[PDB]
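Read the single chain below, which is given as structure tokens and is the form deposited in one PDB entry.
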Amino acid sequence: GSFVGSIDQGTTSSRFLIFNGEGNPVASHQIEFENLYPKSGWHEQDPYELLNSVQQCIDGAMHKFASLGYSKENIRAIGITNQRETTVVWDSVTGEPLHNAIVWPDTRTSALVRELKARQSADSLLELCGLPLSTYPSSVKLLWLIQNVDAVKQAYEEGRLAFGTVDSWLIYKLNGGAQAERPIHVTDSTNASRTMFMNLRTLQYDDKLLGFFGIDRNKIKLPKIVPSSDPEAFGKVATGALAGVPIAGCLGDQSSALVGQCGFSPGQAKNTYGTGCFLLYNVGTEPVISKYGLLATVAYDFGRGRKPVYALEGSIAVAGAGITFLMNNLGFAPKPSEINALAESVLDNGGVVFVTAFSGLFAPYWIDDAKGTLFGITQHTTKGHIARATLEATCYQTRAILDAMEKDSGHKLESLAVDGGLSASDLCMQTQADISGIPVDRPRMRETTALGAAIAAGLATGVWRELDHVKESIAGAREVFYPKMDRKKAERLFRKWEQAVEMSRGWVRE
């Protein structure tokens, strides 16, 4: 085989891509799928909607792959990357779902979270798994399912409840599920680090963590934790257009994006833009527990003797949602490209600062009583000024998180790569370079997340020997944005932002 495939199963879409030995994609196919919102704050997906979304993406890509004259016999292996924390529960016996998957943004577990935070044993969870208690981790999601869904209750007590993040589910069913010789139930170190069940330092399940949530190892079937790159642990695709092709790579989507940007050295960071932002910061071979509310997580675990690598993670809630706000809520323009144009139409922000704290501010600010607050409005303020401030808001929060990441880890920021969404805005990336004082790399190959899983698979099957080889091959209409602004003008702009953040505190009273 000479090519590597990659399944990228996201929150709203699935895609399948096939890469060559240099990381460039030759065949691709994407599929939107249905998300379900039974009540406000609830968010679920049919596990079979996710799987068949993937099989229709494989089918579509390989028809295009076939039109170029290639066969499955040429795909050496595939990797999998997936939306993290999304929780699937199925019957160990029949491999059938016992409930809809609860997707990571679901908030039905709020009450449960407040309950678990009132424990005293909760004080020590951050240090053991790298994450604080919240509505996101798979643990609170699965505990809620057991305590509130009877068919899940029975299976747990009867000893036939199987748990998995989306990666585990996909690999299980792709191998054949219950109807299979050598059934495959596993998860890689990056996905398993998002559940709150795993010790971050040992990369093994921890009974202090399991016991805190009342989950019994010897009742529920937990996926076995394996490296993110392995030639055997994930098995092979049993059926379909890819029958007989081995699965050899598996990575959480935000980890896969960092791998796809070749952020393999301490201090190399990546920002993925969608409705919001996910930022990851390579910290090396020793995990770093945050003093600022950042998440400590696994960057990648490629094995073959090498030590696993960790990362710090931060997130912003409002990045592309800011543009959506300007277009729909305020009616500035009907397309995001015309929003950029309005921003480029003015020289600067006109003194406007948009603290886009629609649901408050998160790392590193942790301000829960502020709402969206717009400063600096005069009779001379125009839509372009506000559009600029909306872009800058994302860049200011990005610096705030990267600053925290430098302080948490002690490494100076070495590089910043960007992909997705708002990264297409030259103006926004240029502002990020200006505000942070660092080159901003934006690859032209836009499917960075999927490439990460392809690298993981290629490394397990000999397409690439080491990570130097990965960098060399990948390296081998604009790419890098370089700072233009005086560093003292940059601090001044950033200090105005922080003044506005402090002034936004205390809006919501009770």
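In this text, rigid core is short for the largest set of C-alphas that superpose within 1.5 Å between two forms. Numbers for residues come from their place in the sequence shown, where the first is 1.
Unshown form deposited in another entry; subsequent notes refer to it.
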Mover between the shown form and the other one (rigid core aligned, C-alpha >= 2 Å shift), picked from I323, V88, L161, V298, is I323
_Quick check: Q397 between the shown form and the other one - does its CA shift reach 2 Å or more after fitting the rigid core?_
yes
Exercise for review: Align both forms on the core first, then report whether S138 has a C-alpha shift of 2 Å or more between the shown form and the other one.
Suggested key: no
| task | Could you check whether the CA atom of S337 moves 2 Å or more between the shown form and the other one, using the rigid core for the fit? | result | yes
